[PDB]
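Colleague: Sharing a structure below in structure tokens format, with a few things to ask.
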Amino acid sequence: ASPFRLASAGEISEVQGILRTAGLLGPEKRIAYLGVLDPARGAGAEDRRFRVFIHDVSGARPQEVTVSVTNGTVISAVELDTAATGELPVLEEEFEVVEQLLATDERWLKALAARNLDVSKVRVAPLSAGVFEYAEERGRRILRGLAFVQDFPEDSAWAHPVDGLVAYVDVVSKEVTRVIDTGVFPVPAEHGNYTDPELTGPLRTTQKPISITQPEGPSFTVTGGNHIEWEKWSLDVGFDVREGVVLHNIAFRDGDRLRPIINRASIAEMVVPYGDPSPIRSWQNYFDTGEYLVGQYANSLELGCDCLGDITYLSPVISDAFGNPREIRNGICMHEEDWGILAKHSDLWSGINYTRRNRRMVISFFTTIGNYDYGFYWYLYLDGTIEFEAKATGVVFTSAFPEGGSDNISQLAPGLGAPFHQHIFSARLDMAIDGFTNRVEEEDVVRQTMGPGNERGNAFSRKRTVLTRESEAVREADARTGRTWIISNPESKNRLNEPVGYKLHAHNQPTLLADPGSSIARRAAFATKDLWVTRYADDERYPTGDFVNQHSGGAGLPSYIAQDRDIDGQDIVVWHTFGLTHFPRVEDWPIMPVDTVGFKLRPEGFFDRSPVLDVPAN
Amino acid sequence: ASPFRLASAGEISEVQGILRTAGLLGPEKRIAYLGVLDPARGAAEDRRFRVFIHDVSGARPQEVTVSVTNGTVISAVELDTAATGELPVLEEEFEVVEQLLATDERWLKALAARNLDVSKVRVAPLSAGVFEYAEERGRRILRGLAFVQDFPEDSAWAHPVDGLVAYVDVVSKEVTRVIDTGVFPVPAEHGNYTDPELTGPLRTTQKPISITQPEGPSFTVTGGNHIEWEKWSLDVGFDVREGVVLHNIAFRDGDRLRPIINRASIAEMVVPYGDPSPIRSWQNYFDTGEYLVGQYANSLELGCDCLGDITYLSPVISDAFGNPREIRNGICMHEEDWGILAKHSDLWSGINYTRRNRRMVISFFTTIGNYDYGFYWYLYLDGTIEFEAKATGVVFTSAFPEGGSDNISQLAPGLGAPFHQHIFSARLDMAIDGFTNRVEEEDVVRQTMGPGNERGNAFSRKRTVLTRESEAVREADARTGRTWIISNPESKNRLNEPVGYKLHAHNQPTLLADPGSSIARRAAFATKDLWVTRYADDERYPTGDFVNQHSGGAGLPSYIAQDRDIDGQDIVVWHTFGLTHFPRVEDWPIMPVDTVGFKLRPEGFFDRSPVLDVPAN
Ligand SMILES: [Cu+2]
Ligand SMILES: [Cu+2]
Ligand code: NA
Ligand code: NA
């Protein structure tokens, strides 16, 4: 019975019961986060621990609590000073509170009346506050509000942003702290209803079906609920309400030895910073993972359109606000798909023609965070490659388009704007290349000058620089010199006496653009550099720290790195920053075609020859 | 009817007939290149063919244009190859290097020093380049590197013979030089990837994946090579030098057929080697320009190379004598599922919406000695156009020096793989809503915290129009998100903005060789990521018409010197992209596919998303 198994309904019911018998979960208390802790290093009988963040709707200070579900006990419980360590993640039940409060506020009603907007039709997005110049918000749980008109129940409100207007609200005290009206902007009038035949036109009748089937079923097996074996790979698929799908114990069976590669892979944070300097939006930075918890909003994915082919679904269970278990039905898709040619050669001299097909194992989920929808895909390939891809879609976040244009906003439709922004991800890769004794080298291509030893000026080379200590392990991209990062095990040698390794291949997209002195540069410090390496510690889980909401800065990676620990042949963690810089285009409106970003790792002397010689002819 | 139709066997046979009739194709003559020309701008029909004719008795070659429609020779000119370059390598010349070397006393002595049976020594016929050997100028030379084949079915690449190279004049049939710098062990392990001893028991764990289309494919093929698919329109051409060429890429937006790209091809591909040993320091293979990648296109087997419901084209090429030869099932065409197109679950409206993506795939796979490359063009529902190269085959080997190397990787005991690049040039003759186009370079612009940007969150972008060819040689800047936008300044979308497409490059390293090198001059195109020229009908390749043993002086740097107006003109984008390959143990004994490419996405071309009319699955 695997200690990395998914949380069961019964387990969550029991932490609820333990928090009840123990005295911490009455009415007025509400769970802002609940998840299982990974087993400790070396222990592996089992002790299933859950960690819980408890909010206080009666305004008392929140608690961080660790419970043992195996022994039926509270391991620890500590009161939180939110002004110091940060506010708890946004609750789903607060998604409506911003709108409901504002609907009876005279300053808000006056702003709506000036624009002739019916209050019954004004939707207000519950938007994270960050930390700016407002002293009264320190210690207070604040959400900011931007308004969108919905003309009728099925209307897309994103088509009708109300610019020049923003409200700040305290969601514990149920007070409106501020209403800011800098002037009326026309509310864009065209609708963005992408299911309306008026807008779609007649639907295409030209697409013939593509049937993908597996008459003998899939080549992977699922045992113990979430243990996958596929084509030499083995792993455990976890799920957490903050991170979403998490991969554990990624290993590869090389002959008869199960060889670890990655101990834990996750998307540990993702931030969406906006680059419109208008006071109406200039505070806007959404930490979809750390503030909102992307796992909790995972869609129930339907067969034949979200996931095509022979699909095996996991239905993860999470906690509601009161500690009752809630299933995300068909929340995780697992399937294998063809991936074209793996290897091919037609040899003149031998007469031998050889072709083999590639395939990949896909483990995915899709989440919706307000207007955004994101797919998170992990891929394992026959040849040992590991890949992540994020697919970004949904509806773009809108504003008015100013008369006489903008350097910081795109026009989508008449009067309709889309502020510039980025989506930046952090992949946390707890590495275990042939076990835990690992190190990282930065590899650059090296150009050589024509001269003695290189008389024709054709020579080129490479250089590798070991990252020895955390203070040296904050690295940037250099696409021009083909910069990559190799994680090796200096005590595990391949048959050519070279240390075994994996090479991280980044897309080299721009990192965080904000000025280095900005609030967002301090709070999302991770996003300013492409690659970070830390020494593993059990309490260093997120690059932005445990409590991101209204936390002032420096938390997470920059504080971790400051310990300056030895990472040369030690248990280490790689943190890869990657993202999309989005200047919205007309083609993104009224619903955005998928765009993608990601990274991959390829074996680099890990194997003793190609690991796919034993793949059969098709 | 279509003037863009593939060459037929009859047309090639007629070109043969016209040339013979004109006295240009006697018994000593060989066709080193034959291809149909594209119709003239603003063109009833005149199918013209261009031919490079080699003479095996040593007479000067000719470049000839024929009108097959009119039965006439348009032009015929004698080439001085010392000046303008040698013709492409002929397939019949491949065996010549081995055959001549087998009775050469210097070569036999070198093999005897190594205890190698000449009957087992394969010799790779390698392009010579231009270096320090004055006697080679005006002569057709190939260089030879040796590999031992232990038995008929053995992979010779496992057993390179280092420290030895030979140079051969393939017309006079003379060995000009044999250089033996010293014996290296010939690596002993076999690289036989079908041998059960090396593969182990084959996996029985792979269960079938079946891709079918019960009602057939969603695309139509008319006039032999005209494809219509999900609003897209194009013609699929094929040339022996370039391989698959895409013509007239257009998109039917409502009632209007809107051009996007007039011609898309891979116009050159070079493989420069980075091992400074005299035995390999001359190695640079222009697979397209010197070898002609289309002529070596594989016949693709149903169910193995192309999975699903496949429509094949079987293009016809000329042999050395002007007789037509079909490449059976040489071009694959199919549509495939491409995951999610668009998705949103809206809380306020209660509407949940999901649509699937698809792409049209047009591909071919060629084999150039040890290398095998797949060339893939993709068209997506949303207007995206993409190219992908898939590189596989067996790596080019050497000895691995005792005490290591800064320029060669170890694959197996004693077996090396010198470092190299594979660098492609995509020639995109742009027609964004027609021919009046321009190109802007777009960079992200960071902004300083201060007045107007008090919280320091603002960021922007800037576009710089490339106005004349002298300003149109550009480099990558990944850090600033650099892209290039091709727009039509006379065609505006409903928001009064010029329609455009944005080119997204991979930002891989460009040519690494010292800028004073022969390869940096011969492959000048490869030193920069982006070039823009004014269209001219004789500016077809970034390296010129004749690359074999040709120095600098032709191709893109000569074209760019004309400094022509490209601001609202008929322009051509040339994008350099490549893989830099430090071979790894996992590449041996047969290489897993690696990829490189680029794409173009609509950028205000459409008045809103072009896939609102895609139905639910
Ligand atoms: Cu975006
Ligand atoms: Cu290569
Ligand atoms: Na680790
Ligand atoms: Na053009």
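Ordering of the structure tokens sets the chain letters (A, B, ...), residue numbers begin anew at 1 in every chain, and ligands are numbered from 1 in the order given.
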Please identify all protein, DNA and RNA residues within 12 Å of ligand 1, counting only C-alpha atoms and all ligand atoms, and report them as a ChimeraX atom specification.
Modeller: /A:271-275,286,371-374,391-398,410,418-424,579-585,588-589,591-597
Colleague: Counting only C-alpha atoms and all ligand atoms, which residues of chain B fall within 9 Å of ligand 2, and what is the closest atom pair for each with its distance in Å at one decimal, ordered by chain and rising number, as a tab-separated table?
Modeller:
residue	atom	partner	partner_atom_place_in_ligand_line	distance
B:271	CA	ligand 2	1 (Cu)	7.9
B:371	CA	ligand 2	1 (Cu)	8.1
B:391	CA	ligand 2	1 (Cu)	7.2
B:392	CA	ligand 2	1 (Cu)	7.9
B:393	CA	ligand 2	1 (Cu)	8.9
B:394	CA	ligand 2	1 (Cu)	8.8
B:395	CA	ligand 2	1 (Cu)	6.4
B:396	CA	ligand 2	1 (Cu)	7.9
B:419	CA	ligand 2	1 (Cu)	7.8
B:420	CA	ligand 2	1 (Cu)	6.2
B:421	CA	ligand 2	1 (Cu)	6.2
B:422	CA	ligand 2	1 (Cu)	6.2
B:579	CA	ligand 2	1 (Cu)	7.4
B:580	CA	ligand 2	1 (Cu)	7.3
B:581	CA	ligand 2	1 (Cu)	4.9
B:582	CA	ligand 2	1 (Cu)	7.6
B:583	CA	ligand 2	1 (Cu)	7.0
B:591	CA	ligand 2	1 (Cu)	8.8
B:594	CA	ligand 2	1 (Cu)	8.8
Colleague: I need the residues from that last selection saved to file as a PDB file, in the first residue's frame (with N, CA, C and O atoms), if you can.
Modeller:
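So the final result, stored in part07.pdb, reads:
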ATOM      1  N   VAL B 271      25.606  21.316 -42.948  1.00  0.00           N
ATOM      2  CA  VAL B 271      26.067  20.565 -41.769  1.00  0.00           C
ATOM      3  C   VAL B 271      27.572  20.802 -41.612  1.00  0.00           C
ATOM      4  O   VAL B 271      28.400  20.051 -42.166  1.00  0.00           O
ATOM      5  N   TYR B 371      22.724  10.294 -42.660  1.00  0.00           N
ATOM      6  CA  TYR B 371      21.640  11.155 -42.117  1.00  0.00           C
ATOM      7  C   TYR B 371      20.319  10.834 -42.748  1.00  0.00           C
ATOM      8  O   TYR B 371      20.247  10.476 -43.925  1.00  0.00           O
ATOM      9  N   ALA B 391      15.488  15.292 -37.296  1.00  0.00           N
ATOM     10  CA  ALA B 391      16.826  14.762 -37.622  1.00  0.00           C
ATOM     11  C   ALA B 391      17.057  13.434 -36.934  1.00  0.00           C
ATOM     12  O   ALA B 391      16.942  13.341 -35.694  1.00  0.00           O
ATOM     13  N   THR B 392      17.376  12.401 -37.726  1.00  0.00           N
ATOM     14  CA  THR B 392      17.647  11.043 -37.209  1.00  0.00           C
ATOM     15  C   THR B 392      18.730  10.410 -38.120  1.00  0.00           C
ATOM     16  O   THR B 392      19.464  11.152 -38.788  1.00  0.00           O
ATOM     17  N   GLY B 393      18.850   9.089 -38.106  1.00  0.00           N
ATOM     18  CA  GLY B 393      19.897   8.390 -38.874  1.00  0.00           C
ATOM     19  C   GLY B 393      20.981   7.896 -37.923  1.00  0.00           C
ATOM     20  O   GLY B 393      20.729   7.614 -36.740  1.00  0.00           O
ATOM     21  N   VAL B 394      22.194   7.783 -38.440  1.00  0.00           N
ATOM     22  CA  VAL B 394      23.318   7.307 -37.659  1.00  0.00           C
ATOM     23  C   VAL B 394      24.306   8.467 -37.622  1.00  0.00           C
ATOM     24  O   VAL B 394      24.568   9.122 -38.641  1.00  0.00           O
ATOM     25  N   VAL B 395      24.884   8.752 -36.465  1.00  0.00           N
ATOM     26  CA  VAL B 395      25.806   9.880 -36.398  1.00  0.00           C
ATOM     27  C   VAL B 395      27.106   9.608 -37.172  1.00  0.00           C
ATOM     28  O   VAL B 395      27.562   8.465 -37.281  1.00  0.00           O
ATOM     29  N   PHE B 396      27.691  10.682 -37.689  1.00  0.00           N
ATOM     30  CA  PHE B 396      28.960  10.588 -38.408  1.00  0.00           C
ATOM     31  C   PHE B 396      30.079  10.379 -37.388  1.00  0.00           C
ATOM     32  O   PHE B 396      30.226  11.164 -36.461  1.00  0.00           O
ATOM     33  N   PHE B 419      31.606  17.098 -33.133  1.00  0.00           N
ATOM     34  CA  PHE B 419      30.590  18.124 -32.936  1.00  0.00           C
ATOM     35  C   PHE B 419      30.257  18.749 -34.281  1.00  0.00           C
ATOM     36  O   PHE B 419      31.114  18.849 -35.178  1.00  0.00           O
ATOM     37  N   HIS B 420      29.002  19.122 -34.446  1.00  0.00           N
ATOM     38  CA  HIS B 420      28.559  19.724 -35.705  1.00  0.00           C
ATOM     39  C   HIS B 420      27.232  20.441 -35.509  1.00  0.00           C
ATOM     40  O   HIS B 420      26.627  20.369 -34.432  1.00  0.00           O
ATOM     41  N   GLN B 421      26.785  21.127 -36.554  1.00  0.00           N
ATOM     42  CA  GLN B 421      25.465  21.751 -36.577  1.00  0.00           C
ATOM     43  C   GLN B 421      24.704  21.260 -37.784  1.00  0.00           C
ATOM     44  O   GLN B 421      25.315  20.741 -38.733  1.00  0.00           O
ATOM     45  N   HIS B 422      23.378  21.349 -37.728  1.00  0.00           N
ATOM     46  CA  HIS B 422      22.537  21.179 -38.912  1.00  0.00           C
ATOM     47  C   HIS B 422      21.729  22.466 -39.014  1.00  0.00           C
ATOM     48  O   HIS B 422      20.854  22.723 -38.147  1.00  0.00           O
ATOM     49  N   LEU B 579      20.115  23.083 -35.430  1.00  0.00           N
ATOM     50  CA  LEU B 579      20.442  22.310 -34.238  1.00  0.00           C
ATOM     51  C   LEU B 579      21.938  22.287 -34.092  1.00  0.00           C
ATOM     52  O   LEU B 579      22.644  22.121 -35.091  1.00  0.00           O
ATOM     53  N   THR B 580      22.431  22.475 -32.873  1.00  0.00           N
ATOM     54  CA  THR B 580      23.829  22.362 -32.565  1.00  0.00           C
ATOM     55  C   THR B 580      23.961  21.035 -31.832  1.00  0.00           C
ATOM     56  O   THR B 580      23.351  20.835 -30.772  1.00  0.00           O
ATOM     57  N   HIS B 581      24.733  20.111 -32.413  1.00  0.00           N
ATOM     58  CA  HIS B 581      24.716  18.715 -31.984  1.00  0.00           C
ATOM     59  C   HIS B 581      26.060  18.309 -31.384  1.00  0.00           C
ATOM     60  O   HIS B 581      27.091  18.217 -32.093  1.00  0.00           O
ATOM     61  N   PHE B 582      26.044  18.131 -30.060  1.00  0.00           N
ATOM     62  CA  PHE B 582      27.134  17.509 -29.306  1.00  0.00           C
ATOM     63  C   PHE B 582      26.650  16.098 -29.049  1.00  0.00           C
ATOM     64  O   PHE B 582      25.831  15.888 -28.141  1.00  0.00           O
ATOM     65  N   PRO B 583      27.111  15.116 -29.849  1.00  0.00           N
ATOM     66  CA  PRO B 583      26.440  13.824 -29.706  1.00  0.00           C
ATOM     67  C   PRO B 583      26.583  13.162 -28.338  1.00  0.00           C
ATOM     68  O   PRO B 583      27.583  13.311 -27.638  1.00  0.00           O
ATOM     69  N   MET B 591      20.123   7.179 -33.982  1.00  0.00           N
ATOM     70  CA  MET B 591      19.792   8.391 -33.262  1.00  0.00           C
ATOM     71  C   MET B 591      18.289   8.555 -33.078  1.00  0.00           C
ATOM     72  O   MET B 591      17.544   8.527 -34.052  1.00  0.00           O
ATOM     73  N   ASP B 594      15.610  14.248 -33.133  1.00  0.00           N
ATOM     74  CA  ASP B 594      15.586  15.586 -32.562  1.00  0.00           C
ATOM     75  C   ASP B 594      14.974  16.590 -33.565  1.00  0.00           C
ATOM     76  O   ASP B 594      14.956  16.335 -34.777  1.00  0.00           O
TER      77      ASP B 594
END
Colleague: Let me see if you get this right: every residue at most 7 Å from ligand 4, counting only C-alpha atoms and all ligand atoms, written as a ChimeraX atom specification.
Modeller: /B:262,429-431,435,535,570-572
Colleague: With distances taken over only C-alpha atoms, which residue among B:125, B:413, B:274, B:542 lies nearest residue B:147?
Modeller: B:125
Colleague: Which residues are near residue A:339? Cut-off 8 Å, only C-alpha atoms, ignore same chain within fewer than 6 positions. Put them as a ChimeraX atom specification.
Modeller: /A:357-360
Colleague: Counting only C-alpha atoms and all ligand atoms, what residues are within 12 Å of ligand 3, given as a compact mmCIF listing (two decimals) with C-alpha atoms, in the first residue's frame?
Modeller:
# COMPACT_ATOMS: atom_id res chain seq x y z
CA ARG A 41 13.37 11.15 3.46
CA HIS A 248 6.37 11.44 -7.66
CA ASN A 249 9.14 8.89 -8.02
CA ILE A 250 9.73 9.27 -11.76
CA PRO A 260 15.37 7.19 -10.23
CA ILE A 261 15.36 10.39 -12.27
CA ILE A 262 13.06 12.91 -10.60
CA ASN A 263 11.82 12.53 -7.04
CA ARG A 264 9.08 15.18 -7.32
CA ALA A 265 7.89 17.32 -10.23
CA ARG A 428 9.95 22.66 -8.98
CA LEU A 429 12.04 19.64 -9.83
CA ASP A 430 13.30 17.72 -6.81
CA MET A 431 15.99 15.85 -8.71
CA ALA A 432 17.08 12.25 -8.08
CA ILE A 433 19.38 11.42 -11.03
CA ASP A 434 20.32 7.82 -10.23
CA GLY A 435 19.51 8.70 -6.59
CA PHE A 436 19.84 11.86 -4.51
CA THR A 437 23.54 12.76 -4.81
CA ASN A 438 23.23 15.28 -7.66
CA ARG A 439 24.73 18.44 -9.05
CA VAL A 440 24.01 21.00 -11.74
CA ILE A 487 21.83 17.63 -13.62
CA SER A 488 24.26 14.76 -12.97
CA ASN A 489 25.18 12.20 -10.32
CA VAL A 533 19.14 25.55 -7.57
CA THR A 534 18.57 24.93 -3.85
CA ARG A 535 19.53 22.26 -1.31
CA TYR A 536 16.47 20.21 -0.49
CA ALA A 537 14.56 21.03 2.70
CA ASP A 538 11.11 19.67 3.63
CA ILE A 567 24.77 21.86 -3.75
CA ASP A 568 27.75 20.04 -5.32
CA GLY A 569 26.86 16.38 -4.92
CA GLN A 570 23.88 16.78 -2.59
CA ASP A 571 20.09 16.38 -2.47
CA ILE A 572 19.05 19.32 -4.64
CA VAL A 573 16.07 20.99 -6.22
CA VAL A 574 15.81 22.76 -9.55
CA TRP A 575 13.41 25.64 -10.02
Colleague: Where in stretch 508-541 of chain B does DSSP assign strand (DSSP E or B), given as a PyMOL selection string?
Modeller: chain B and resi 530-534
Colleague: Write a file of the selected residues as a compact mmCIF listing (two decimals), in the first residue's frame, keeping C-alpha atoms.
Modeller:
# COMPACT_ATOMS: atom_id res chain seq x y z
CA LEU B 530 16.81 36.75 -40.46
CA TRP B 531 17.31 38.30 -43.86
CA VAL B 532 14.80 40.17 -46.02
CA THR B 533 15.18 40.62 -49.77
CA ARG B 534 13.23 42.21 -52.58
Colleague: For residue A:307, which residue among A:40, A:322, A:363, A:291 is the nearest when counting only C-alpha atoms?
Modeller: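 Comparing A:40, A:322, A:363, A:291 against residue A:307, the winner is A:363.
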Colleague: What gap, in Å, lies between atom CA of residue B:342 and atom CA of residue B:390?
Modeller: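 Taking atom CA of residue B:342 and atom CA of residue B:390, their separation equals 27.7 Å.
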